[PDB]
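Trainee: Here it is, the structure in full.
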Amino acid sequence: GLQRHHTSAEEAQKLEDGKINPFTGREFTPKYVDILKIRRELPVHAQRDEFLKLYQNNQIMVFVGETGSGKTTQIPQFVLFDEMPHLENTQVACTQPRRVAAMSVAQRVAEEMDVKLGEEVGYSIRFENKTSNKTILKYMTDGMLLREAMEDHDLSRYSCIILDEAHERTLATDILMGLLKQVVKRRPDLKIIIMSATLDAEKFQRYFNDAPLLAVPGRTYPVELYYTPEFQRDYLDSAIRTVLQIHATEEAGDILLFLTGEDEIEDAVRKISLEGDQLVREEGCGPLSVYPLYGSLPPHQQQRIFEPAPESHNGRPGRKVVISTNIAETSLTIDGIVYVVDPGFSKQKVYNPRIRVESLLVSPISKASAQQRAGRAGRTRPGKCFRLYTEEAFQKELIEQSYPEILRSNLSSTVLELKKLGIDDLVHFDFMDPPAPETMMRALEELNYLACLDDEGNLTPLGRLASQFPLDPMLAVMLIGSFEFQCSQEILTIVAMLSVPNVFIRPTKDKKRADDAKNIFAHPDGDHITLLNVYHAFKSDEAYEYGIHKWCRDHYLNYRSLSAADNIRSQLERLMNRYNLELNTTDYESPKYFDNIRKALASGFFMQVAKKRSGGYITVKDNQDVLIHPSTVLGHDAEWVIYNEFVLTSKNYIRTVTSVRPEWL
Amino acid sequence: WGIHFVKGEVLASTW
Ligand SMILES: Nc1ncnc2c1ncn2[C@@H]1O[C@H](COP(=O)(O)OP(=O)(O)O)[C@@H](O)[C@H]1O
Ligand SMILES: [Mg+2]
């Protein structure tokens, strides 16, 4: 009758059309029949038989296909039909890097199989676990699956694990690949499927021991390209004008607009809606609906982007505009897009090795990203892609390809997270794109020195507790230990201020004015108490009365950095309350307030101490000849100083310095 | 309106 891991495409197709739903035993709805008719035309259904032949004689396979081929919403169904999980109490997990994609695809698959969402097919996001004991298919964020692996190393509850959007090369995806390549050895019945959108995936095959590859033939129409003849100063106004022009003159077909973030998206939505209403009023053009799309949208708002374009009423075509943000690129596909507007800027994560801070900064996209954005333009008819930059910029300004997130993030937090999963041979761990051995060794050494990893290399309670926080383990350990010195709140503030980009702007011109503005806050003991003073003066009601933006601009302060610092401080306070960690403070008027703060601060930065040379300073670690930075507030000789940042120029410098008495070290 | 464009290259069909 039905054989596990031995079915065929014909048997599955025949069982699909049966009047009885195999997974639940209820009656099929006509909606399911119509959806099946619509979705049977996708490219993957043609190769279904080849995929079945491949999935039975191998454990790991690579399935590469152009976006829109129907991989995330179809392949899991093929696996379900070939596996019959409900007869063995096992599930199938598909990992989506993006939360919005996971939720939307889960809802779509629930609709397709004619089963209520949350019963058979569900999703699992952080703080949102929409699933039950009857779930057979689960769409989960890669972070959530990593957490589950942390709880259950062997993943004994899953029979098949599908890694979607493997070309994004996020950190969680890389760790998951590295872990599964080894987990497969223990479990003979586990079956992996790596799915990618790049039609060239030779290196994936090489990494997975020459795993078989299956390619979906390209089905994208030609798309013309357009550029501007000069550089664009303001790209948001240019994007608005381009969208309005496209709606006014071009033919019928929806528009896709890529922007940076939530606030920009909302402002663009409002502006475009107002301009469209004015255009309809004055020129009598067709209606133009607007839908936003970003990470935090609720599902009832996410589902709106798929609604059909409004019917025309002015004798000209109606249109639908989706103001997306690097989610329409490859995560999900919208049917009906013919025109694409590509400002060229996207929000990317960057890491600063010297300060050890991760920030989300708007930077230009790579050539691959621009090519994918253009390709999104044509899938139904020959489309057009309008780029808001010069062709010379595209051919010279952009970078060939972006780097994997493993090389663009702290390598110590990554090690501390890997140790949670139970890995032992970190140096011999097989990463997709290994970092240089020097940095890995340095990270391991630093972690051992902080007591996060004991001499045996195993995790310790302090290590786990520090891992819970979103900070560099040094600052996390200092935060945990600060409660003993009766100055916990001050250290919390200082850590929050130190975990963000520099809050001072020091241009070449007006430098003396900036120095005076800093000295307004400066305390003649170190540059660390200065950050505390700046934060205290930032939230003072006097500043709010004066005007927060004006006050920040006048005093040469970075408002964005201080807002980020306040957000991080609130998050840290919440997290500290969560784990029941002692918090306290010393009265301001007490003479030992600064003594307490410096005592707690020296116990955390003991790894970075410099001594005043006889004669400017010599570091205790690595014995580097350095000079206090000119932008400093040190008052006295400061025989022993604590430095946070290292500045490399013709003459070495140390920045953010503060004094400390020898007895405290 | 207010933006003018210059035609560029064409991406051939992948069929
Ligand atoms: N929520 C939805 N509503 C309507 N159609 C959808 C929805 N989600 C996906 N689709 C359709 O199903 C297809 C999904 O393909 P997909 O699984 O994204 O393949 P890939 O991930 O490889 O691009 C798209 O062509 C899209 O038109
Ligand atoms: Mg997909």
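Convention: chains lettered A, B, ... in structure tokens order; per-chain residue numbering from 1; ligands numbered from 1 as shown.
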Mind listing the helix (DSSP H, G or I) residues of stretch 73-131 of chain A, per DSSP on the backbone, as a PyMOL selection string?
Mentor: chain A and resi 75-83+85-87+99-112
Trainee: Check every protein, DNA and RNA residue against ligand 2, keep those with an atom at most 9 Å away (counting only C-alpha atoms and all ligand atoms), and present them as an NGL selection string.
Mentor: :A and (67-73 or 96 or 101 or 105 or 164-165 or 195-197 or 330-333)
Trainee: Keeping only N, CA and C atoms, write the selected residues as a PDB file, in the first residue's frame.
Mentor:
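Listing of again-v6.pdb after writing:
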```pdb
ATOM      1  N   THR A  67      14.410  32.382  -6.928  1.00  0.00           N
ATOM      2  CA  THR A  67      13.323  32.782  -6.044  1.00  0.00           C
ATOM      3  C   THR A  67      12.001  32.781  -6.797  1.00  0.00           C
ATOM      4  N   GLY A  68      10.954  32.307  -6.129  1.00  0.00           N
ATOM      5  CA  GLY A  68       9.652  32.166  -6.740  1.00  0.00           C
ATOM      6  C   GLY A  68       9.362  30.797  -7.310  1.00  0.00           C
ATOM      7  N   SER A  69      10.331  29.882  -7.291  1.00  0.00           N
ATOM      8  CA  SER A  69      10.117  28.539  -7.812  1.00  0.00           C
ATOM      9  C   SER A  69       9.169  27.716  -6.954  1.00  0.00           C
ATOM     10  N   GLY A  70       8.830  28.183  -5.759  1.00  0.00           N
ATOM     11  CA  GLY A  70       7.982  27.418  -4.868  1.00  0.00           C
ATOM     12  C   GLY A  70       8.752  26.348  -4.127  1.00  0.00           C
ATOM     13  N   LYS A  71       9.754  26.757  -3.351  1.00  0.00           N
ATOM     14  CA  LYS A  71      10.573  25.837  -2.573  1.00  0.00           C
ATOM     15  C   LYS A  71      10.136  25.762  -1.116  1.00  0.00           C
ATOM     16  N   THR A  72       9.907  26.910  -0.480  1.00  0.00           N
ATOM     17  CA  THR A  72       9.551  26.913   0.932  1.00  0.00           C
ATOM     18  C   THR A  72       8.146  26.376   1.165  1.00  0.00           C
ATOM     19  N   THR A  73       7.219  26.632   0.247  1.00  0.00           N
ATOM     20  CA  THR A  73       5.829  26.241   0.440  1.00  0.00           C
ATOM     21  C   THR A  73       5.486  24.888  -0.167  1.00  0.00           C
ATOM     22  N   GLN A  96      13.495  29.415   8.751  1.00  0.00           N
ATOM     23  CA  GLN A  96      13.435  30.654   7.992  1.00  0.00           C
ATOM     24  C   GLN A  96      14.217  31.728   8.731  1.00  0.00           C
ATOM     25  N   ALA A 101       8.806  36.184   7.155  1.00  0.00           N
ATOM     26  CA  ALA A 101       8.715  35.110   6.177  1.00  0.00           C
ATOM     27  C   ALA A 101       8.191  33.835   6.818  1.00  0.00           C
ATOM     28  N   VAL A 105       4.667  32.297   5.507  1.00  0.00           N
ATOM     29  CA  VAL A 105       4.726  31.012   4.823  1.00  0.00           C
ATOM     30  C   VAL A 105       3.964  29.956   5.609  1.00  0.00           C
ATOM     31  N   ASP A 164      16.372  26.752   4.933  1.00  0.00           N
ATOM     32  CA  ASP A 164      15.973  27.624   3.843  1.00  0.00           C
ATOM     33  C   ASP A 164      16.842  28.877   3.809  1.00  0.00           C
ATOM     34  N   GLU A 165      16.921  29.481   2.628  1.00  0.00           N
ATOM     35  CA  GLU A 165      17.669  30.718   2.428  1.00  0.00           C
ATOM     36  C   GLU A 165      19.090  30.584   2.965  1.00  0.00           C
ATOM     37  N   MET A 195      18.488  24.425   1.086  1.00  0.00           N
ATOM     38  CA  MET A 195      17.828  25.106  -0.018  1.00  0.00           C
ATOM     39  C   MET A 195      18.410  26.502  -0.163  1.00  0.00           C
ATOM     40  N   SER A 196      18.824  26.843  -1.380  1.00  0.00           N
ATOM     41  CA  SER A 196      19.481  28.109  -1.669  1.00  0.00           C
ATOM     42  C   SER A 196      18.857  28.738  -2.905  1.00  0.00           C
ATOM     43  N   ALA A 197      19.035  30.052  -3.035  1.00  0.00           N
ATOM     44  CA  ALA A 197      18.489  30.800  -4.159  1.00  0.00           C
ATOM     45  C   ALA A 197      19.521  31.115  -5.234  1.00  0.00           C
ATOM     46  N   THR A 330      14.475  38.090  -1.339  1.00  0.00           N
ATOM     47  CA  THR A 330      14.415  36.646  -1.554  1.00  0.00           C
ATOM     48  C   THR A 330      13.531  35.896  -0.570  1.00  0.00           C
ATOM     49  N   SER A 331      13.142  36.481   0.563  1.00  0.00           N
ATOM     50  CA  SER A 331      12.405  35.719   1.565  1.00  0.00           C
ATOM     51  C   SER A 331      11.021  35.328   1.062  1.00  0.00           C
ATOM     52  N   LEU A 332      10.262  36.291   0.548  1.00  0.00           N
ATOM     53  CA  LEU A 332       8.909  36.034   0.079  1.00  0.00           C
ATOM     54  C   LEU A 332       8.695  36.736  -1.252  1.00  0.00           C
ATOM     55  N   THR A 333       7.795  36.179  -2.057  1.00  0.00           N
ATOM     56  CA  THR A 333       7.514  36.681  -3.392  1.00  0.00           C
ATOM     57  C   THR A 333       6.082  37.188  -3.467  1.00  0.00           C
TER      58      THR A 333
END
```
Trainee: Once you count only C-alpha atoms, which residues of chain A turn out to be within 8 Å of chain B? Could you give them as a PDB file with N, CA and C atoms, in the first residue's frame?
Mentor:
```pdb
ATOM      1  N   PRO A 217      15.111  25.014 -13.335  1.00  0.00           N
ATOM      2  CA  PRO A 217      15.432  25.872 -14.482  1.00  0.00           C
ATOM      3  C   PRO A 217      14.905  27.290 -14.310  1.00  0.00           C
ATOM      4  N   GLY A 218      15.677  28.248 -14.816  1.00  0.00           N
ATOM      5  CA  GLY A 218      15.279  29.642 -14.725  1.00  0.00           C
ATOM      6  C   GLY A 218      13.991  29.909 -15.486  1.00  0.00           C
ATOM      7  N   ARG A 219      13.123  30.710 -14.875  1.00  0.00           N
ATOM      8  CA  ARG A 219      11.822  31.051 -15.437  1.00  0.00           C
ATOM      9  C   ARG A 219      11.536  32.532 -15.229  1.00  0.00           C
ATOM     10  N   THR A 220      12.530  33.380 -15.485  1.00  0.00           N
ATOM     11  CA  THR A 220      12.402  34.822 -15.307  1.00  0.00           C
ATOM     12  C   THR A 220      12.556  35.518 -16.652  1.00  0.00           C
ATOM     13  N   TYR A 221      11.648  36.447 -16.936  1.00  0.00           N
ATOM     14  CA  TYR A 221      11.630  37.161 -18.199  1.00  0.00           C
ATOM     15  C   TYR A 221      12.730  38.217 -18.247  1.00  0.00           C
ATOM     16  N   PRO A 222      13.065  38.710 -19.439  1.00  0.00           N
ATOM     17  CA  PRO A 222      14.017  39.821 -19.528  1.00  0.00           C
ATOM     18  C   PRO A 222      13.483  41.059 -18.826  1.00  0.00           C
ATOM     19  N   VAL A 223      14.394  41.813 -18.214  1.00  0.00           N
ATOM     20  CA  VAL A 223      14.054  43.051 -17.523  1.00  0.00           C
ATOM     21  C   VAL A 223      15.016  44.139 -17.976  1.00  0.00           C
ATOM     22  N   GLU A 224      14.464  45.260 -18.430  1.00  0.00           N
ATOM     23  CA  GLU A 224      15.276  46.412 -18.788  1.00  0.00           C
ATOM     24  C   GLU A 224      15.776  47.110 -17.530  1.00  0.00           C
ATOM     25  N   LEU A 225      16.886  47.827 -17.665  1.00  0.00           N
ATOM     26  CA  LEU A 225      17.469  48.572 -16.562  1.00  0.00           C
ATOM     27  C   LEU A 225      17.511  50.054 -16.898  1.00  0.00           C
ATOM     28  N   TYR A 226      17.296  50.881 -15.879  1.00  0.00           N
ATOM     29  CA  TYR A 226      17.368  52.326 -16.010  1.00  0.00           C
ATOM     30  C   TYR A 226      18.230  52.892 -14.892  1.00  0.00           C
ATOM     31  N   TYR A 227      18.970  53.948 -15.213  1.00  0.00           N
ATOM     32  CA  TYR A 227      19.818  54.641 -14.256  1.00  0.00           C
ATOM     33  C   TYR A 227      19.538  56.134 -14.334  1.00  0.00           C
ATOM     34  N   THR A 228      20.080  56.873 -13.372  1.00  0.00           N
ATOM     35  CA  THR A 228      20.024  58.322 -13.443  1.00  0.00           C
ATOM     36  C   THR A 228      21.319  58.869 -14.034  1.00  0.00           C
ATOM     37  N   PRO A 229      21.285  60.037 -14.672  1.00  0.00           N
ATOM     38  CA  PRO A 229      22.505  60.615 -15.253  1.00  0.00           C
ATOM     39  C   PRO A 229      23.362  61.429 -14.292  1.00  0.00           C
ATOM     40  N   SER A 238      13.717  61.316  -4.176  1.00  0.00           N
ATOM     41  CA  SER A 238      13.864  60.728  -5.500  1.00  0.00           C
ATOM     42  C   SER A 238      13.025  59.465  -5.632  1.00  0.00           C
ATOM     43  N   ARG A 241       9.338  60.499  -5.996  1.00  0.00           N
ATOM     44  CA  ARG A 241       9.068  61.029  -7.328  1.00  0.00           C
ATOM     45  C   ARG A 241       9.091  59.923  -8.374  1.00  0.00           C
ATOM     46  N   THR A 242      10.016  58.972  -8.243  1.00  0.00           N
ATOM     47  CA  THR A 242      10.080  57.870  -9.196  1.00  0.00           C
ATOM     48  C   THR A 242       8.828  57.011  -9.122  1.00  0.00           C
ATOM     49  N   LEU A 244       5.849  57.954  -8.147  1.00  0.00           N
ATOM     50  CA  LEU A 244       4.747  58.711  -8.730  1.00  0.00           C
ATOM     51  C   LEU A 244       4.826  58.713 -10.253  1.00  0.00           C
ATOM     52  N   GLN A 245       6.025  58.895 -10.809  1.00  0.00           N
ATOM     53  CA  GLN A 245       6.173  58.857 -12.260  1.00  0.00           C
ATOM     54  C   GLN A 245       5.763  57.501 -12.816  1.00  0.00           C
ATOM     55  N   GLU A 391      25.321  54.606 -13.612  1.00  0.00           N
ATOM     56  CA  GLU A 391      25.866  53.326 -14.054  1.00  0.00           C
ATOM     57  C   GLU A 391      27.321  53.177 -13.635  1.00  0.00           C
TER      58      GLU A 391
END
```
Trainee: Suppose you want the space between atom CA of residue A:637 and atom CA of residue A:612; what is it in Å?
Mentor: 7.8 Å
Trainee: Might you pull out every residue within 12 Å of residue A:1, with only C-alpha atoms counted and same-chain residues fewer than 4 positions away left off, and present them as a list in words?
Mentor: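 My list of contacting residues is residues 6, 7, 8, 11, 12 and 15 of chain A.
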Trainee: If you run DSSP on the backbone here, which positions in stretch 273-345 of chain A get strand (DSSP E or B)? Please write them as number ranges by chain.
Mentor: A: 288-292, 319-324, 337-342, 345
